[PDB]
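This document starts with one chain, in the form deposited in one PDB entry, laid out as structure tokens.
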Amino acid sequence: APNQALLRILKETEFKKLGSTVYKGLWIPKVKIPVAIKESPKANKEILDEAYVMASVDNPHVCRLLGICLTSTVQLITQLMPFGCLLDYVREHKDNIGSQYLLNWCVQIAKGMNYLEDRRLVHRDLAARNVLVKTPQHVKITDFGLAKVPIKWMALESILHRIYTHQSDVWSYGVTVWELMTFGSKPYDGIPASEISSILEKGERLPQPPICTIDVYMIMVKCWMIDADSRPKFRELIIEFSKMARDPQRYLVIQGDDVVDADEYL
């Protein structure tokens, strides 16, 4: 099927500039769009591969590409996510994240990944750092630099044979949920990356997070099966976490539980 996605090229005089470079700015084509601008031939060839992917996806739980600017430096312009990556957010707000937010985030990430699977697209880098927060009630998947290596998030098949599937993304989804349920802990913290391949082969997995019932930890374990086709599908993960979002305290035990956004500029 032909990929009739549009690549928008923006004037540099429309922007008015966060991490290193990514910047916070406004895009004024009477409308002001809060945006994030990201400034050798290797660098330009890879950032255009990323713009190709983001321009070809359109889903409420996937980061939208607004355009590229062709100046001395190739600049990517995306929707500004004011609350950051989900990894920093869960670390800075542990004392205030409820089970409702955690389970709903798991639903939204699975929806975004299920859409990426419909697009016949493998992310290859699903992680808590690569999930941005529009509002605490709305997250989106980002960073498609490897979307067609971080060993601690990869399936065993990706480590050994460099094989990547939608089901290897499911493994990365399992680690991402584990980062959230541990409020931002580091997977296999301390263990050198060269030893991860031996550990997984022996049968060991990431531990059960303290706030997780066996229901939630069972889903993570299923994402980490050696047999990729035995791991759950993203459409099933949506269904499972959505049921748990209807009674969150039953599955997560936690103590004390003219500016227009890009989503409206279509």
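Just so we're on the same page, rigid core means the largest C-alpha set that superposes within 1.5 Å between forms. Position 1 is the first residue in the sequence shown; the rest follow in order.
The discussion below concerns the form deposited in another entry, not included here.
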| property | result |
| --- | --- |
| Shifted position (C-alpha, 2 Å or more, core held fixed) between the shown form and the other one, chosen from 225, 69, 206, 200 | 69 |
| Shift of residue 235 between the shown form and the other one at or above 2 Å (CA, core fit) | no |
| Core-superposed C-alpha of residue 54 shifting 2 Å or more between the shown form and the other one | yes |
| Core-aligned C-alpha movement of residue 12 between the shown form and the other one reaching 2 Å | yes |
| Pairwise C-alpha change, residue 49 versus residue 87, in the other entry against this form - closer or farther, 3 angstroms or more | farther |
